[PDB]
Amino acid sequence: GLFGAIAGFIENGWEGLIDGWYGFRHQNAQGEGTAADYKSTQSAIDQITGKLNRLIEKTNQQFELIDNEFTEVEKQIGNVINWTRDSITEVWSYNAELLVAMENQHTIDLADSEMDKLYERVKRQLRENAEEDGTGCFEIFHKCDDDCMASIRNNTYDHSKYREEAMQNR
């Protein structure tokens, strides 16, 4: 992917994350937990579905027979027909090959960026209270109980409350 998240700093993925696509994993006094982020999971899912709806396409264009399977048409007109169809099959075979490879490239990069976005968002919340471990985690320089972790996960964490203390642990 183009955003360095998946197969980047986050050295790998979590097979235990069955709740959703993206999630948090924290380690504190009371232990360790793992919970998924619905908002970002849905964001990625909605965009993949958006690809699906548009690619499950029906043309109202009806094509009928110009060939005959039981009584072969005249050789010259049949060769032109066979040549035309072959040249068009080549076009749609190309289009399909390119379309999928392009969308796949976009899908990977898209989910890659949704993760990075989320990582950037948590980073903006903690502000001065934490620092980057370099593996996709934040080392919190105060004490973070399960309710503290939850406040970070559900976007209600206030950083001023722990600012003085966290900065003190320079």
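Note that residue numbering begins at 1 and tracks the sequence as displayed.
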Notebook entry, point to check: Of 142-150 and 5-13, which one has the bigger average CA B-factor?
Noted result: 5-13
Item checked: Selected stretch [higher average CA B-factor]: 122-130 or 52-60 -> 52-60
Note to self: What third of the chain does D109 rank in for C-alpha temperature factor, lowest, middle or highest?
What the structure shows: lowest
Margin query: Going by the CA temperature factor in the PDB record, which third of the chain does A29 belong to: lowest, middle or highest?
Written below: highest
Margin query: Can you tell me whether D116 has a C-alpha B-factor in the lowest, middle or highest third compared with the other modelled residues of the same chain?
Written below: middle
